[PDB]
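J.: Sequences listed follow chains Qa and Qh, in order.
Count along the first sequence from 1, then add 213; that gives the number in PDB author numbering.
Count along the second sequence from 1, then add 1; that gives the number in PDB author numbering.
Before I ask anything, let me first share the structure, which is written out below as structure tokens.
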Amino acid sequence: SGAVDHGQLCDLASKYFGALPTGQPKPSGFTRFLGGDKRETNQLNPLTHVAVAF
Amino acid sequence: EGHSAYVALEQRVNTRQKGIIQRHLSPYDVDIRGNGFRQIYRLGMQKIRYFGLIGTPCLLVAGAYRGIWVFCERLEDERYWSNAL
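Take a look at the structure:
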């Protein structure tokens with residue numbers, strides 16, 4: 214980003230990063246969402262933080 | 002729920018809580034079958050043991066009273082059959 218040359222970047226990338234393996238694909242699993250609650254009790258804290266997400 | 006005796010007891014006795022983490026699952030993500038048969042079996046075992054423990058004084062007193070009851074019943078049968086009432 215910025216005052217850069219795309220051709221120079223491509224040449225350097227071929228010089229250095231051209232030998233990386235074509236490894237196995239990114240894992241594609243099922244990440245299940247579990248509704249619920251995680252509550253930490255600290256009555257000495259000056260503020261209470263509550264995040265609710267869907 | 003405030004201004005209650007148990008809340009006052011909590012505030013008098015227990016400290017300001019710190020360092021407790023609770024994890025709860027929604028009931029929609031928990032199977033009711035869950036830990037069902039295991040709990041049935043182990044609770045039944047526990048109750049059998051406990052009732053075997055705390056029921057034996059009752060068993061002994063019941064045995065003694067049954068002996069007395071049998072004696073009294075046979076005595077009264079003899080009394081009535083002999084016109085001795």
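Positions of the beta carbon are idealized from the N, C-alpha and C atoms, including for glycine.
Residues of the stretch 21 to 37 of chain Qh in Cβ contact with chain Qa at a cutoff of 7 angstroms, in chain order, please.
T.: The residues in question are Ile-21, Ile-22, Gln-23, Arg-24, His-25, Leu-26, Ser-27, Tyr-29 and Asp-30.
J.: Flag Qa/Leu-260 as yes if its beta-carbon sits less than 8 angstroms from any beta-carbon of chain Qh, otherwise no.
T.: Cβ-Cβ to chain Qh under 8 angstroms: no for Qa/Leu-260.
J.: Kindly indicate which three-state DSSP category Qa/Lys-228 falls into: helix, strand or coil?
T.: If DSSP states are grouped into helix, strand and coil, Qa/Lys-228 belongs with the helices.
J.: Mind listing the chain Qa neighbours of Qh/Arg-17? Cutoff is C-beta to C-beta under 8 angstroms, in chain order.
T.: The answer, in chain order, is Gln-256 and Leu-257.
J.: Whole angstroms are fine: how far does the CA of Qa/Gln-256 sit from the CA of Qh/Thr-16?
T.: Taking the straight line from one Cα to the other gives about 10 angstroms.
J.: Does any CB atom of chain Qh fall closer than 8 angstroms to the CB of Qa/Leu-222?
T.: With 8 angstroms as the cut-off, Qa/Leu-222 does not count as an interface residue toward chain Qh.
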